[PDB]
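Trainee: There's a structure below that I have some questions on.
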Amino acid sequence: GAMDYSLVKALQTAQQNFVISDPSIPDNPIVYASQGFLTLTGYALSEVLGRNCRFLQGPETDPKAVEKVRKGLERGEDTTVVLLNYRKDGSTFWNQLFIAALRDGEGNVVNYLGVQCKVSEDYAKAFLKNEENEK
Ligand SMILES: Cc1cc2nc3c(=O)[nH]c(=O)nc-3n(C[C@H](O)[C@H](O)[C@H](O)COP(=O)(O)O)c2cc1C
Ligand SMILES: [Cl-]
Ligand SMILES: [Mg+2]
Ligand SMILES: [Mg+2]
């Protein structure tokens with residue numbers, strides 16, 4: 001199960017915000033989210049299980065950030081981005097996402113793991129400027 005991964009246990013010891021998705025199910029829904037993620041976003045565990053985590057995005061989310069994630073997942077690459085997300089009540093926050101594939105012995109992706117960090121406006125600005133300049 002989700003909490004059987006040693007890196008998941010490690011993240012829990014530090015109370016990180018993370019989710020686990022299941023890409024064997026159509027549209028790669030969330031199948032676990034940590035308490036920090038639920039408090040951050042305003043959703044109960046049962047309500048987020050079964051949703052693709054794109055439910056956190058909205059009209060002011062930059063589609064280029066989303067596309068970078070999409071392509072990373074497609075290309076088998078670790079991906080790190082900052083993008084605007086939305087709580088259940090419509091309020092917004094900047095979210096730094098760290099996404100990786102969890103793989104079996106033959107390389108098959110068995111789950112994805114995504115760590116989330118709420119960051120300040122100032123930090124999001126600095127990060128996105130660096131990302132751009134580095135491009
Ligand atoms: C493990 C995992 C965790 C994710 N965490 C979130 C997140 O907190 N917020 C968000 O906007 N997208 C997150 N995503 C990204 C969306 O689920 C989706 O991959 C992204 O929108 C790109 O796919 P799409 O272009 O089909 O929407 C996560 C994705 C994965 C695989
Ligand atoms: Cl996805
Ligand atoms: Mg329902
Ligand atoms: Mg559900």
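By convention here, the chains of the structure tokens are called A, B, ... in the order presented, each chain's residues are numbered starting at 1, and ligands are numbered starting at 1 in the order presented.
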Can you check which parts of chain A lie within 7 Å of ligand 4? Per residue, the shortest pair of atoms and distance in Å to one decimal, counting only C-alpha atoms and all ligand atoms, sorted by chain and number, as a tab-separated table.

Mentor:
```
residue	atom	partner	partner_atom_place_in_ligand_line	distance
A:46	CA	ligand 4	1 (Mg)	4.5
A:47	CA	ligand 4	1 (Mg)	4.3
A:48	CA	ligand 4	1 (Mg)	5.6
A:49	CA	ligand 4	1 (Mg)	4.2
A:50	CA	ligand 4	1 (Mg)	4.7
A:51	CA	ligand 4	1 (Mg)	6.9
```

Trainee: Using N, CA, C and O atoms, can you write the selected residues to a file as an mmCIF file, in the first residue's frame?

Mentor:
```cif
data_model
loop_
_atom_site.group_PDB
_atom_site.id
_atom_site.type_symbol
_atom_site.label_atom_id
_atom_site.label_comp_id
_atom_site.auth_asym_id
_atom_site.auth_seq_id
_atom_site.Cartn_x
_atom_site.Cartn_y
_atom_site.Cartn_z
ATOM 1 N N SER A 46 -10.965 11.175 1.630
ATOM 2 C CA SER A 46 -11.875 10.434 0.769
ATOM 3 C C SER A 46 -12.274 11.190 -0.512
ATOM 4 O O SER A 46 -12.443 10.571 -1.557
ATOM 5 N N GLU A 47 -12.372 12.518 -0.435
ATOM 6 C CA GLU A 47 -12.732 13.345 -1.575
ATOM 7 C C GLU A 47 -11.601 13.472 -2.572
ATOM 8 O O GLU A 47 -11.875 13.605 -3.747
ATOM 9 N N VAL A 48 -10.339 13.464 -2.139
ATOM 10 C CA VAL A 48 -9.247 13.595 -3.118
ATOM 11 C C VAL A 48 -8.867 12.231 -3.729
ATOM 12 O O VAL A 48 -8.420 12.171 -4.879
ATOM 13 N N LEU A 49 -9.016 11.144 -2.973
ATOM 14 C CA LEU A 49 -8.769 9.835 -3.552
ATOM 15 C C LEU A 49 -9.728 9.630 -4.729
ATOM 16 O O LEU A 49 -10.969 9.772 -4.603
ATOM 17 N N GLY A 50 -9.146 9.255 -5.865
ATOM 18 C CA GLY A 50 -9.921 9.094 -7.069
ATOM 19 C C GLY A 50 -9.923 10.266 -8.022
ATOM 20 O O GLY A 50 -10.442 10.145 -9.104
ATOM 21 N N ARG A 51 -9.345 11.396 -7.612
ATOM 22 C CA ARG A 51 -9.183 12.576 -8.489
ATOM 23 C C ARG A 51 -7.774 12.676 -9.016
ATOM 24 O O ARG A 51 -6.823 12.401 -8.295
#
```

Trainee: If you run DSSP over the backbone, which residues in chain A end up strand (DSSP E)? Put them as an mmCIF file with C-alpha atoms, in the first residue's frame.

Mentor:
```
data_model
loop_
_atom_site.group_PDB
_atom_site.id
_atom_site.type_symbol
_atom_site.label_atom_id
_atom_site.label_comp_id
_atom_site.auth_asym_id
_atom_site.auth_seq_id
_atom_site.Cartn_x
_atom_site.Cartn_y
_atom_site.Cartn_z
ATOM 1 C CA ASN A 17 2.816 17.409 2.031
ATOM 2 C CA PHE A 18 2.719 14.622 -0.564
ATOM 3 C CA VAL A 19 0.473 12.518 -2.749
ATOM 4 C CA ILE A 20 0.759 9.148 -4.420
ATOM 5 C CA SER A 21 -0.980 8.491 -7.743
ATOM 6 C CA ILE A 30 -4.511 10.228 -6.409
ATOM 7 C CA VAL A 31 -4.652 7.109 -4.178
ATOM 8 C CA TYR A 32 -3.138 8.685 -1.040
ATOM 9 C CA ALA A 33 -2.565 12.212 0.298
ATOM 10 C CA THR A 79 9.980 17.152 -12.671
ATOM 11 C CA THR A 80 10.082 20.200 -10.380
ATOM 12 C CA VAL A 81 7.778 23.257 -10.964
ATOM 13 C CA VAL A 82 6.113 26.145 -9.193
ATOM 14 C CA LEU A 83 2.496 26.883 -10.089
ATOM 15 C CA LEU A 84 -0.632 28.515 -8.771
ATOM 16 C CA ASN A 85 -3.122 26.156 -7.120
ATOM 17 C CA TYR A 86 -6.599 26.496 -5.669
ATOM 18 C CA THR A 92 -5.038 30.515 -4.187
ATOM 19 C CA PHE A 93 -1.491 29.633 -3.163
ATOM 20 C CA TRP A 94 1.881 29.018 -4.858
ATOM 21 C CA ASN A 95 2.835 25.352 -4.896
ATOM 22 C CA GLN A 96 6.311 23.973 -5.512
ATOM 23 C CA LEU A 97 5.871 20.400 -6.800
ATOM 24 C CA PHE A 98 8.528 17.636 -6.861
ATOM 25 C CA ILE A 99 7.344 14.617 -8.869
ATOM 26 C CA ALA A 100 9.037 11.271 -9.447
ATOM 27 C CA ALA A 101 8.152 7.816 -10.746
ATOM 28 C CA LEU A 102 8.245 4.877 -8.369
ATOM 29 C CA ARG A 103 9.436 1.870 -10.379
ATOM 30 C CA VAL A 109 6.115 2.801 -13.218
ATOM 31 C CA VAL A 110 4.007 1.427 -10.358
ATOM 32 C CA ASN A 111 3.081 4.744 -8.733
ATOM 33 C CA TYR A 112 4.019 8.417 -8.867
ATOM 34 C CA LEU A 113 5.108 10.359 -5.771
ATOM 35 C CA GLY A 114 4.600 14.100 -5.622
ATOM 36 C CA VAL A 115 5.824 16.303 -2.780
ATOM 37 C CA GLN A 116 4.169 19.775 -2.402
ATOM 38 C CA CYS A 117 5.595 22.863 -0.657
ATOM 39 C CA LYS A 118 3.508 26.018 -0.292
ATOM 40 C CA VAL A 119 5.863 28.906 -1.108
#
```

Trainee: Looking only at the backbone, which of the residues in segment 58-134 of chain A does DSSP tag as alpha helix (DSSP H), as number ranges by chain?

Mentor: A: 63-75, 121-134

Trainee: When distances are computed from only C-alpha atoms and all ligand atoms, which of A:38, A:9, A:45, A:61 shows the smallest separation from ligand 3?

Mentor: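 Of A:38, A:9, A:45, A:61, the one nearest ligand 3, counting only C-alpha atoms and all ligand atoms, is A:45.
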
Trainee: Counting only C-alpha atoms and all ligand atoms, which of A:59, A:42, A:23, A:36 gets nearest to ligand 2?

Mentor: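 That would be A:23, the residue with the smallest distance to ligand 2.
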
Trainee: Using only C-alpha atoms and all ligand atoms, find each residue with an atom at most 9 Å away from ligand 2 and format the answer as number ranges by chain.

Mentor: A: 21, 23, 27-29, 52-54, 69-70, 73, 112

Trainee: If I take atom 8 (O, counted along the ligand's line) of ligand 1 and atom CA of residue 39 of chain A, how far is one from the other in Å, to one decimal?

Mentor: 12.5 Å

Trainee: Using only C-alpha atoms and all ligand atoms, can you tell me which of A:77, A:122, A:134, A:104 comes closest to ligand 1?

Mentor: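 Closest to ligand 1, using only C-alpha atoms and all ligand atoms: A:77.
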
Trainee: In Å, rounded to a single decimal, give me how far atom CA of residue 74 of chain A is from atom 1 (C, counted along the ligand's line) of ligand 1.

Mentor: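 Answer for the atom 1 (C, counted along the ligand's line) of ligand 1 to atom CA of residue 74 of chain A separation: 13.0 Å.
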
Trainee: Hey, can you check how far atom 24 (P, counted along the ligand's line) of ligand 1 sits from atom CA of residue 63 of chain A?

Mentor: 9.2 Å

Trainee: From the options A:127, A:5, A:43, A:37, which residue's atoms come nearest to ligand 3, counting only C-alpha atoms and all ligand atoms?

Mentor: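 For ligand 3, the nearest of the given residues is A:43.
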
Trainee: Given only C-alpha atoms and all ligand atoms as the basis, pick out the residue of A:11, A:65, A:56, A:126 nearest to ligand 1.

Mentor: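 Closest candidate: A:56.
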